[PDB]
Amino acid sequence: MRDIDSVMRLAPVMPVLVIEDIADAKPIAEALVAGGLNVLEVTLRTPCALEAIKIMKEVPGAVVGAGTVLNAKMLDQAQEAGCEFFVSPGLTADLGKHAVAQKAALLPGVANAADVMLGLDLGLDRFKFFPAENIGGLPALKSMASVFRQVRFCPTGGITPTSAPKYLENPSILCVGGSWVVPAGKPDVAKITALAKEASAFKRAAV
């Protein structure tokens, strides 16, 4: 299936989903897909997360992945649930070696040059710049992209509707991760779809 570069190009914004109630999963996936945000990152931060992946996987148009993958075992459990891609807050050689060996579409987080160097040693060149606003923001990413010209990025962490277009004007950025499209209360599918359509319209220099 798709490699992580192809996943990143599909939509300007990758929603970062924290499912506290399993009944929220289907309405959230349907509303995001209705708004054109087809790429869904379900963080493995809650007990029902893997079940939420199995529910969202059956929504037509949804490209479901697992976030907060911390090790090869969690990548395996998420892949067995049907995840098409995997995101991690940071990178280890054991996690990256396992993803390459399994041909899993992994998007590891990086915060500094040594993280990126470990990723390049493993054959990876696509990373989440995370957590963006705690590690110097767009100016820090602009410098890191200047050092690693063959790498492309997905900043995540404190991104907003106001700052997302600024990141997306950089050619080295393919998309951003975002939490604002689904507010942490009970889902409102109309509001979620309207935020998704608004984010769907964001300009991308790289696409």
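Position 1 is the first residue in the sequence shown; the rest follow in order.
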Worksheet item: Comparing 100-108 with 116-124, which has the greater mean CA B-factor as deposited?
Response: 100-108
Worksheet item: When the C-alpha temperature factors are averaged for each of 198-206 and 3-11, which stretch ends up with the higher value in the entry?
Response: 198-206
Worksheet item: For the listed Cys48, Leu141, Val151, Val176, which has the peak Cα B-factor recorded in the PDB entry?
Response: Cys48
Worksheet item: Lowest, middle or highest third of the chain for the C-alpha temperature factor of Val42?
Response: lowest
Worksheet item: Among the modelled residues of its chain, does the C-alpha B-factor of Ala78 lie in the lowest, middle or highest third?
Response: middle
Item to complete: Tell me, lowest, middle or highest third: where does the Cα B factor of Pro171 rank within its chain?
Response: highest
Worksheet, complete the sentence: Sorting the chain's modelled residues by C-alpha B-factor and splitting them into thirds places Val189 in the highest
Worksheet entry | Chain third (lowest, middle, highest) by recorded CA B-factor, residue given as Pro155 | lowest
